[PDB]
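Chains as they are written, first to last, in this note's numbering: chain X, 1 to 121; chain D, 1 to 138; chain C, 1 to 49; chain U, 1 to 46; chain W, 1 to 87; chain Y, 1 to 180.
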Amino acid sequence: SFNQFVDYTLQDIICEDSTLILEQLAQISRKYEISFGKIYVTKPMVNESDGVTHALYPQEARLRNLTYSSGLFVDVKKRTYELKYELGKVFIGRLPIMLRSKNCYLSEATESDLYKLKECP
Amino acid sequence: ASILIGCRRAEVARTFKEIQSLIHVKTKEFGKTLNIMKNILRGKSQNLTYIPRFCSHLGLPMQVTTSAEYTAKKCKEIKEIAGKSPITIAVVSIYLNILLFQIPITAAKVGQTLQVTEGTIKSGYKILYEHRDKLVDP
Amino acid sequence: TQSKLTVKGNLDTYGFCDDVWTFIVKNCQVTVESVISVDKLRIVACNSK
Amino acid sequence: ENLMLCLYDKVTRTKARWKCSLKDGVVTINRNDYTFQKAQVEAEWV
Amino acid sequence: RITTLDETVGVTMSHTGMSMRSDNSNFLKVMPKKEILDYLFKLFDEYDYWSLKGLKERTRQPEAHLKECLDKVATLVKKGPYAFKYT
Amino acid sequence: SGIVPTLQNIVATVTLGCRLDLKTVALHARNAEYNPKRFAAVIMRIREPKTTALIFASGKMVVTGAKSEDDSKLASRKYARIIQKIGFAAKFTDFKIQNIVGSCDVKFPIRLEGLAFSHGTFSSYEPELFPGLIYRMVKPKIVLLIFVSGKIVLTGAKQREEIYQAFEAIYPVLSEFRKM
Numbered sequence: 001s002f003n004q005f006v007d008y009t010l011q012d013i014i015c016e017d018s019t020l021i022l023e024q025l026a027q028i029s030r031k032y033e034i035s036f037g038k039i040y041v042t043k044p045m046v047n048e049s050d051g052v053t054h055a056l057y058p059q060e061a062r063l064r065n066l067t068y069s070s071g072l073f074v075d076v077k078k079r080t081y082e083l084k085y086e087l088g089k090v091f092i093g094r095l096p097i098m099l100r101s102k103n104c105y106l107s108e109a110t111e112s113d114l115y116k117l118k119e120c121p
Numbered sequence: 001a002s003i004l005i006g007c008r009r010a011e012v013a014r015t016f017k018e019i020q021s022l023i024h025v026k027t028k029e030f031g032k033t034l035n036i037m038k039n040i041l042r043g044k045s046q047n048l049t050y051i052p053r054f055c056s057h058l059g060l061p062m063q064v065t066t067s068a069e070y071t072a073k074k075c076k077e078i079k080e081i082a083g084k085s086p087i088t089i090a091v092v093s094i095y096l097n098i099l100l101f102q103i104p105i106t107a108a109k110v111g112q113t114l115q116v117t118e119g120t121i122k123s124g125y126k127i128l129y130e131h132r133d134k135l136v137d138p
Numbered sequence: 001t002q003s004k005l006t007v008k009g010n011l012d013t014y015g016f017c018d019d020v021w022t023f024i025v026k027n028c029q030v031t032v033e034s035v036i037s038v039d040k041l042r043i044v045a046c047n048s049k
Numbered sequence: 001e002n003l004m005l006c007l008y009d010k011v012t013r014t015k016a017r018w019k020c021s022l023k024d025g026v027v028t029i030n031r032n033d034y035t036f037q038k039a040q041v042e043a044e045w046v
Numbered sequence: 001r002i003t004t005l006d007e008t009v010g011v012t013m014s015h016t017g018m019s020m021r022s023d024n025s026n027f028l029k030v031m032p033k034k035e036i037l038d039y040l041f042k043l044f045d046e047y048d049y050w051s052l053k054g055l056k057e058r059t060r061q062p063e064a065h066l067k068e069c070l071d072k073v074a075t076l077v078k079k080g081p082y083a084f085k086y087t
Numbered sequence: 001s002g003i004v005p006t007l008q009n010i011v012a013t014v015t016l017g018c019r020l021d022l023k024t025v026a027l028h029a030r031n032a033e034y035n036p037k038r039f040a041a042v043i044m045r046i047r048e049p050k051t052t053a054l055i056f057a058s059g060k061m062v063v064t065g066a067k068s069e070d071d072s073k074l075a076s077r078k079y080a081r082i083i084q085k086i087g088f089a090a091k092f093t094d095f096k097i098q099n100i101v102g103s104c105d106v107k108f109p110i111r112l113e114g115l116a117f118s119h120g121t122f123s124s125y126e127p128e129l130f131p132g133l134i135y136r137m138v139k140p141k142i143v144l145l146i147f148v149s150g151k152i153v154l155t156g157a158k159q160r161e162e163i164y165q166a167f168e169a170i171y172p173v174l175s176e177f178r179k180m
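Written out as C-alpha cells, the structure is:
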C-alpha cells in the first residue's frame with residue numbers, strides 16, 4: 001500500500017490540477033497559466049544545518065532523531081497568454097518513506113550488508 | 001541583511017551574491033544597509049565556511065576541502081593578500097586542490113558552478129602554481 | 001554613403017546647447033576607409049533621436 | 001569654412017579625450033565633400 | 001511509473017536551491033512663467049477641458065509653473081461636473 | 001611615522017554672483033560640458049590647474065580635482081575669468097573647500113581583522129564588499145580608508161590639517177596591527 005502510493009497516487013494527484021490560470025485585462029488582455037509536470041522523487045537524504053546535503057541511512061535517522069524522507073520534484077510550465085495567444089524542475093517537499101519500499105535504500109540490500117548497515121535482518 | 005547577520009552569526013557564512021540570488025536587492029543600498037546594520041549592532045553590543053557547501057554540491061570528498069583549508073590557510077598569512085573578494089581564493093583553493101587531484105573538476109565546470117570566470121582561477125592557481133611549492137604538506 | 005572616417009585631433013573648444021554638441025579640433029588627421037591631415041575642423045553635432 | 005554638419009549619437013570621454021561618434025553627416029575637406037555613414041571623432045583634450 | 005532521479009543528490013539538489021543563475025526565462029518580467037502661461041492659454045484655447053495633470057504630462061513642464069499659468073490664464077475648476085477642467 | 005598624507009582631491013564651491021546662460025557659456029568657453037537632461041549644470045574644466053568646474057545656471061559652481069587649496073582657488077578664478085570673457089558679470093566669490101582627499105602608505109602590511117574587532121565602533125569592514133577598512137574618527141571628523149597593503153586614503157576634511165591630524169592619530173593603530 002506504500003509501493004502503490006509512491007508510484008501512482010502521487011502523480012495522479014498532481015495531474016488533477018496541474019493547471020491554474022490568471023488573465024490580466026489590458027487597454028489586448030493578458031492571460032497567465034501555470035501547469036505542473038510528472039513527479040520526481042529522490043533517494044533519501046538530509047539537509048544538514050551547515051547547508052550540506054547527503055544520503056541518509058535508516059540507522060543514522062534513529063540516532064540523529066532525523067526523519068526518513070525523500071524529496072519531491074515536479075516539472076513547472078510557467079507561461080503567458082496575450083489573451084488568446086502564448087508569448088525547469090522544481091522542489092516541492094520532503095516525503096517520509098515506508099521502510100523496505102523501493103524508494104528506501106534497503107528494498108534491495110544484501111543480508112550481509114544489512115549487518116554493515118547495522119540493521120537486523 | 002537581517003538574515004546574513006543571523007547567518008554570519010549562526011556560524012554559517014554566505015556571500016552577498018548568494019542571498020542576492022535569493023533576493024534581488026541591487027546590493028548597494030543593501031551593502032550600506034548591511035554596513036550600517038553591522039554598525040547598528042556594533043553599538044547595540046572567515047572565508048573557509050563556504051568551502052564545504054561549495055564542494056557539497058561538487059560531490060567531493062573532504063580531503064580536497066581540508067587540503068583547500070591549509071592552502072587557504074597558507075595563502076593569507078604569508079603574502080599574496082589573495083583575493084579582494086577572497087572567496088575567489090577560496091575557490092582557486094578548491095580548484096588547485098583538485099589540481100592536486102586527478103578527479104574531473106574542469107574550471108569550466110568550477111566557474112559555471114562556483115560562478116567565477118576562470119581567469120582568477122588561472123591567476124589564483126597561477127601565483128599558486130608558484131606557491132604550490134610551499135603548499136606541500138602531504 | 002559608404003566611406004568610413006576617423007578623426008583624431010585636439011579639442012580646443014566645444015559646447016553643448018539643447019542636445020547640440022559642438023567641438024573644435026585643430027590639426028586633426030582623418031583616416032578614410034587614406035589619411036588627409038586637416039588643421040581646421042569645426043564639429044557641431046545634434047541629437048538624431 | 002570646413003563646417004561639417006552631422007548628428008551625434010554617442011560620446012565617450014573621461015577627462016582626457018573626446019569620442020563623438022557621428023552618423024549620417026558630411027565632411028567638407030579641401031573643397032571635397034566626404035560622405036560617411038559612421039564616424040568616430042577622437043578629439044584629444046589637454 | 002515514476003522516474004526516480006539517478007544522479008547523486010548534490011547535483012539534483014544544488015539546482016533547486018541557489019543555482020546562482022536567475023531570470024533564465026522571461027515570465028512576468030514587468031519652467032518659465034512666460035512659456036508656461038502661453039502653453040496653458042494654448043491648451044485652454046485648444047481645449048476648455050484642459051486638465052491640469054494632463055496639461056502637466058503634455059506640456060512636460062514643472063507642475064507648479066503650469067498650475068500658476070492655469071490659475072490665472074484658465075478657469076480653475078476643482079468642483080462641479082467639469083472637474084479638473086481648466087477653461 | 002614621519003609620513004604626511006598626500007592630498008588627492010580638494011572639493012570647493014564658489015559663488016559667481018550672476019545668472020548665466022549655460023547654452024552660451026558652454027558654447028563660448030573653450031572647455032565646458034553641459035548636458036541639461038543628464039545634469040543641470042555646466043561641467044567645465046581647465047588644464048592649469050587641471051580641475052573640473054561644475055557650473056550651475058545659478059552661478060553656483062563646484063571645483064574638484066585640485067590637489068591644493070591654492071590651485072583650487074586659482075582654478076576657480078580662471079573659470080570666473082573665462083565666464084567674464086563671455087559677457088556675464090561673473091565674480092569669483094564664496095570660494096570654500098568642501099572636501100579634501102588625502103592618501104599615503106605606511107608601507108607595512110596590516111591586520112585589518114584584529115583592527116576592526118579592536119575598533120569596531122569606528123571600524124566598518126566587509127572584505128567581501130571592500131578590501132579596505134573604513135575608519136571613522138571623531139576628532140578630527142575624518143574617515144579613513146585602511147588597506148592591508150599599508151595604503152591609506154584620507155577624506156572628509158575641510159582642511160589638510162585635519163588630514164594630517166587624522167593620519168597622526170591613525171598611525172599608532174596602524175603600527176599596532178602591522179602584520180609581522
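Just so you know, even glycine gets a beta-carbon here, dropped at the ideal spot from N, CA and C.
Query	Result
Alpha carbon to alpha carbon, what distance is there between Y:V63 and Y:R160?	17 Å
Around the C-beta of U:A16, are 16 or more other C-beta atoms found within 10 angstroms, so that it is buried, or is it exposed?	exposed
Using alpha carbons as the reference points, say which of C:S3, C:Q29, C:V38 lies closest to U:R31.	C:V38
Would you check if the distance between the CB atom of Y:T13 and the CB atom of Y:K96 is smaller than 7 Å?	yes
Can you give the beta carbon distance from D:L48 to D:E18, rounded, assuming they're within the 8 Å contact cut?	Contact doesn't hold; Cβ gap of about 16 Å is too wide.
So Y:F177 and Y:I110 are supposed to be a Cβ contact under 8 Å. How far apart are they, rounded?	5 Å
So residue 97 of chain W and W:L37 are supposed to be a Cβ contact under 8 Å. How far apart are they, rounded?	In the structure as shown, chain W begins at 1 and stops at 87. Residue 97 of chain W is therefore absent and cannot be evaluated.
Could you have a look at Y:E33 and say whether DSSP puts it in helix, strand or coil?	strand
Residue 124 of chain W to U:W18, Cα distance in whole Å?	Examination of residue 124 of chain W is not possible in this model, given that chain W is present from 1 through 87 alone.
Since Y:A157 contacts Y:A169 with CB under 8 Å, what's their CB separation in whole angstroms?	Contact flag wrong, Cβ pair sits at about 13 Å.
Taking any Cβ of chain W, which residues in the stretch 6 to 19 of chain X have a Cβ under 9 Å from it, in chain order?	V6, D7, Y8, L10, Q11
For C:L41, does the three-state DSSP call read helix, strand or coil?	strand
Output, in sequence order along the chain, the residues in the stretch 86 to 115 of chain D whose CB is closer than 7 Å to any CB in chain W.	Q115
With DSSP run on the structure shown, which of helix, strand or coil describes Y:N99?	strand
Quick one: which chain W residues come within Cβ less than 8 Å of D:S67?	None at all; the shortest Cβ gap to chain W is about 19 Å.
Determine, for X:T67, whether the minimum Cβ-Cβ distance to residues of chain W falls below 7 Å.	no
Could you check which residue in D:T88, D:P61, D:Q115, D:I36 has the C-alpha nearest to that of Y:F122?	D:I36
What does DSSP give as the partner residue(s) for Y:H28 in the beta ladder?	In DSSP, Y:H28 forms no bridge with anything.
For X:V90, which residues in chain W fall below 7 Å Cβ to Cβ?	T16
Along the beta strand (DSSP E) that carries residue 257 of chain Y, what are the first and last residues, could you check?	Nothing about residue 257 of chain Y can be read from this structure; chain Y reaches only from 1 to 180.
Beta carbons nearer than 7 Å to chain D: which residues of the stretch 104 to 137 of chain Y have them?	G120, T121, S124, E126, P127, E128, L129, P131
Select from Y:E33, Y:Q98, Y:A116, Y:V106 the residue whose C-alpha is nearest the C-alpha of Y:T6.	Y:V106
Can at least three beta-carbon pairs, one atom from the stretch 59 to 77 of chain Y and one from the stretch 142 to 153 of chain Y, be found at a separation below 8 Å?	no
Would you say the beta carbon of W:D48 is closer than 6 Å to some non-hydrogen atom of the ligand FMN?	The model depicted lacks the ligand FMN and carries no ligand whatsoever.
Under a CB-based cut-off of 7 Å, is X:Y85 close to chain W?	no
Could you give the first and the last residue of the continuous alpha helix (DSSP H) run that contains D:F54?	50 to 57
Thinking C-beta only, is Y:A26 closer than 7 Å to C:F16?	yes
For X:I97, collect the residues of the same chain with a Cβ closer than 8 Å to its Cβ; drop the 5 residues on either side in sequence, then sort them by chain order.	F2, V6, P44, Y68, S69, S70, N103, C104
In whole angstroms, what is the alpha-carbon distance linking D:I40 and W:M20?	30 Å
Write down every uninterrupted run of the beta strand (DSSP E) in the stretch 92 to 158 of chain Y whose length is 3 residues or greater and which is fully enclosed by it, in chain order.	93 to 105, 133 to 136, 143 to 146, 151 to 155
Which of the three DSSP states is assigned to Y:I3 in this structure?	coil
Out of Y:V42, Y:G150, Y:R19, Y:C18, which one is the CA nearest neighbour of Y:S175?	Y:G150
I'd like the span of the beta strand (DSSP E) that includes U:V27, first residue to last.	19 to 29
Going by DSSP, which residues form a beta bridge with Y:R178?	Y:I110
Rounded to whole angstroms, what's the CA-CA distance from D:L96 to Y:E128? Just pull it up for me.	21 Å
For Y:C18, count neighbouring Cβ atoms within 10 angstroms of its own Cβ and tell me buried if that reaches 16, exposed if not.	exposed
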